[PDB]
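Enquirer:
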Amino acid sequence: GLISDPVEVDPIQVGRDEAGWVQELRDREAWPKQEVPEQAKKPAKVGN
Amino acid sequence: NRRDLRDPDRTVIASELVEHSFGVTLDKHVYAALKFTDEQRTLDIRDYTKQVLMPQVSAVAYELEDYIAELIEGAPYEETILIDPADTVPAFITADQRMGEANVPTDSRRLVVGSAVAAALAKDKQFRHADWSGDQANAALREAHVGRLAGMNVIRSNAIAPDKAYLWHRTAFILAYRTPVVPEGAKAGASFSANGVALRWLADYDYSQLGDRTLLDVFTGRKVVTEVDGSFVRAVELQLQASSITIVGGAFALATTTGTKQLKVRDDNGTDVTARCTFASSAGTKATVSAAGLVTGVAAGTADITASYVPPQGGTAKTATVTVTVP
Amino acid sequence: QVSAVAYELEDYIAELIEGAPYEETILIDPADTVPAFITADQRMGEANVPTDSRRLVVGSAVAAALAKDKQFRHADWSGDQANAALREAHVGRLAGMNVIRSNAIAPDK
Amino acid sequence: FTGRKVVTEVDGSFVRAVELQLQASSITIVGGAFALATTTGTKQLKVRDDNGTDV
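Going down the list, the protein sequences come from chains R, C, Z and X. The numbering of the first sequence is the deposited numbering, which starts it at 2 and goes up by one. The numbering of the second sequence is the deposited numbering, which starts it at 56 and goes up by one. The numbering of the third sequence is the deposited numbering, which starts it at 111 and goes up by one. The numbering of the fourth sequence is the deposited numbering, which starts it at 274 and goes up by one.
1. Just tell me which of 117(C), 130(C) and 109(C) has its CA closest to the CA of residue 23(R).
2. Helix, strand or coil: how does DSSP classify residue 316(C) here?
3. Which stretch, first to last residue, makes up the beta strand (DSSP E) that contains residue 91(C)?
4. Under a Cβ-count criterion, where at least 16 other Cβ atoms within 10 Å of its own Cβ denotes burial, should residue 292(C) be classed as buried or exposed?
5. Going by the beta-carbon positions, is the gap between residue 166(Z) and residue 209(Z) smaller than 8 Å?
6. Any beta carbon from chain C within less than 8 Å of residue 328(X)'s own beta carbon?
7. What's the C-alpha gap between residue 178(C) and residue 207(C)?
8. Which residue from 300(X), 289(X) and 276(X) puts its Cα closest to that of residue 163(Z)?
9. May I ask you to report which of helix, strand or coil DSSP gives residue 223(C)?
10. To the nearest angstrom, how far is it from the Cα of residue 229(C) to the Cα of residue 279(C)?
11. Using 8 Å as the cut-off, can you tell me whether the segment 355–362 of chain C makes contact with the segment 336–347 of chain C, which would need three or more C-beta pairs spanning the two stretches below that distance?
12. Checking contacts by CB at 8 Å: is residue 24(C) closer than that to chain Z?
13. Note the first and the last residue of the continuous alpha helix (DSSP H) segment covering residue 180(C).
14. List the whole-angstrom C-beta distance separating residue 301(X) from residue 218(Z), where the pair is believed to meet the contact cut-off of C-beta under 8 Å.
15. When you compare the CB of residue 354(C) with every CB in chain R, is at least one pair closer than 8 Å?
16. Of the choices 263(C), 221(C) and 199(C), whose alpha-carbon is the least far from that of residue 174(C)?
17. How would you write the range of the beta strand (DSSP E) that residue 149(C) sits in, first residue to last?
18. Count the other CB atoms within 10 Å of the CB of residue 373(C); is the residue buried (16 or more) or exposed (fewer)?
19. Can you tell me where the alpha helix (DSSP H) holding residue 60(C) begins and where it ends?
20. Is the CB of residue 134(C) under 8 Å away from at least one CB in chain X?
21. Opposite residue 106(C) in the DSSP bridges: which residues?
22. In terms of residues, what are the limits of the alpha helix (DSSP H) holding residue 117(Z)?
23. Going along the chain, which residues of the segment 59–84 of chain C sit with their C-beta nearer than 9 Å to a C-beta in chain R?
24. Evaluate the contact criterion for the segment 257–275 of chain C versus the segment 84–100 of chain C: three or more CB pairs, one atom per stretch, below 8 Å.
25. Quick one: which chain X residues come within Cβ less than 8 Å of residue 370(C)?
26. Measuring CA to CA, which of 204(Z), 213(Z) and 215(Z) is closest to residue 149(Z)?
27. So which residues of chain X does residue 152(C) contact, with C-beta pairs closer than 8 Å?
28. Ignoring anything shorter than 3 residues, give me the beta strand (DSSP E) runs that lie fully in the segment 276–331 of chain C, in order along the chain.
29. Going along chain R, which residues have a C-beta under 9 Å from residue 277(C)?
30. Looking at C-alpha atoms only, which residue of 145(C), 146(C) and 240(C) is the closest neighbour of residue 259(C)?
31. Does residue 16(R) come out as helix, strand or coil in the three-state DSSP assignment?
32. Name the chain Z residues whose beta carbon is nearer than 9 Å to that of residue 286(X)?
33. Rounded to the nearest angstrom, how far is the Cβ of residue 295(C) from that of residue 362(C), given a contact under 8 Å?
34. Taking CB distances under 8 Å as the criterion, tell me whether residue 16(R) reaches chain C.
35. Quick check on the DSSP output: what are the complete alpha helix (DSSP H) runs of length 4 or more inside the segment 169–255 of chain C, in order along the chain?
36. Run through DSSP, which three-state label would residue 41(R) get?
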């Protein structure tokens with residue numbers, strides 16, 4: 002690419018999102034209270 | 056496992072050792088950015104530290120507190136414990152029981168209440184009556200201060216929802232901060248601190264806009280610690296119940312047809328629930344009420360503006376109707 | 111391995127205690143809990159059971175119900191002006207026996 | 274090796290121990306009314322009595 006080009010996608014960001022350990026929360030301002038997101042209910046991995 | 060003695064079959068069930076794992080990550084970038092023109096820097100700014108840097112650091116500190124509050128308030132709570140304003144203690148004994156039943160340790164427990172919950176505690180006759188509480192030197196009466204109940208000390212924070220309380224163990228929530236480095240190309244930057252967190256400071260002049268741009272940043276990450284099955288047991292949320300709502304000011308009259316009035320709704324506890332209400336107008340032609348509570352009456356007449364609030368306990372929405380006379 | 115065996119043995123004991131042939135169950139009214147325990151003391155005295163070596167193990171919900179009781183919460187109704195049922199969530203003695211809390215037995219028993 | 278025994282009376286009755294249970298005047302389902310996202314979606318219902326026990 003070029004130095005002046007817009008910043009491209011970070012592979013670390015893609016892997017971080019695909020691992021699924023970034024914490025999703027509730028809007029804290031939405032009424033009625035939101036349902037708990039699926040990532041917030043995922044069991045601990047059996048392996049690593 | 057267990058087996059019967061003298062059992063003719065001698066097979067034994069193999070026990071199995073399964074470790075588990077989760078993961079913690081950095082996720083956000085908290086920053087305060089300012090830009091000044093050469094005229095502002097030369098003439099307007101008289102003390103850079105007091106006028107620019109200290110408000111910047113204070114802003115980042117408040118943003119970090121809001122980040123933590125979003126973590127605590129947004130954690131996965133499968134149930135909320137409903138505080139009865141007339142009998143507040145059983146909710147907290149319930150919270151303690153929920154924590155203990157999950158085998159959460161009794162030490163390193165933090166209970167943080169909102170302003171509404173603290174006021175409800177002081178207003179409760181359990182603490183206010185000096186014969187239901189002992190406490191002859193009555194503190195909820197002469198000081199509006201409860202301090203300790205149900206085995207937990209009360210901390211008061213205006214950073215969380217007023218009608219919410221949270222009781223969590225130290226291991227419930229994890230925070231992480233990283234200080235970005237100043238790169239090779241950047242002008243040598245400073246380093247500041249907000250709540251004990253080191254913040255990277257950086258300044259870059261833009262010849263294009265004839266000014267200076269300053270950035271004050273930090274890398275952040277947060278985790279809620281759930282169980283192996285995914286349940287969240289290391290923290291508990293309590294919410295203060297609502298039985299009715301009222302529209303403050305009562306019946307009112309608009310100044311003109313083009314005029315607007317912002318409504319405010321308070322529950323029987325006195326909590327502001329305007330952001331959590333739905334507004335309707337009986338006579339939409341005469342007056343229209345926004346989703347945010349703003350009433351505009353385009354045509355002269357009389358209309359009924361109704362606020363409906365679904366309480367924390369669920370169920371039927373509480374209703375409060377007011378009348379508007381549009382001139 | 112050792113903790114597994116220890117927990118299995120405690121489960122053995124709890125199954126013994128909970129599975130015993132209790133002819134009648136004494137129902138605790140959560141709003142007024144003390145009469146249930148006075149009734150328990152009475153039933154075991156009418157059976158001429160010795161008053162020593164008596165041992166009371168309550169569930170988690172039973173301990174919470176004891177604390178939530180206005181008999182122990184309100185200091186006028188209990189003496190105990192320190193009010194350990196309110197400033198703490200603790201009831202340590204009633205009806206002549208000391209409360210022992212266990213998470214091994216059923217919570218409401 | 275383990276063994277356990279419940280000591281009953283010579284008539285067969287059990288008098289040396291007493292069990293007490295906490296009354297439940299009503300039960301509620303956590304969450305109240307709800308709506309499924311999909312037919313494939315399932316919910317593990319949870320029921321609690323007025324005493325907060327999981328029944």
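Heads up, the beta-carbon is just placed ideally off N, CA and C, and yes, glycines get one too.
Expert: Per the coordinate set shown:
1. The shortest C-alpha separation from residue 23(R) is found at 130(C).
2. strand
3. 83–92
4. buried
5. yes
6. no
7. 18 Å
8. It is 289(X).
9. Secondary structure at residue 223(C): strand, using DSSP grouped into helix, strand and coil.
10. 6 Å
11. Contact between the segment 355–362 of chain C and the segment 336–347 of chain C is present: three or more C-beta pairs spanning the two stretches fall below 8 Å.
12. Given a span of 56 to 382 for chain C in the structure shown, any question on residue 24(C) remains unanswerable.
13. 180–183
14. Not quite, the Cβ-Cβ distance comes to about 16 Å (not below 8 Å), so this is no contact.
15. no
16. 199(C)
17. Per DSSP, residue 149(C) belongs to no beta strand (DSSP E); it is in the alpha helix (DSSP H), 144–156.
18. buried
19. Unbroken run through residue 60(C): none, as it is neither H nor E.
20. Among the CB atoms of chain X, one or more fall inside 8 Å of the CB of residue 134(C).
21. When beta bridges are read from the DSSP output, residue 106(C) appears opposite no residue.
22. 112–128
23. 73, 74, 75, 76, 77, 78, 79, 80, 81 and 82
24. yes
25. 305
26. 204(Z)
27. 325
28. Uninterrupted beta strand (DSSP E) stretches at least 3 residues long and entirely within the segment 276–331 of chain C occur at 290–295, 300–302, 315–317 and 320–322, given in chain order.
29. 24 and 26
30. 240(C)
31. helix
32. 131, 133 and 157
33. Not a contact, Cβ separation roughly 19 Å.
34. no
35. The segment 169–255 of chain C contains these whole alpha helix (DSSP H) runs: 170–178, 180–183 and 194–197.
36. helix
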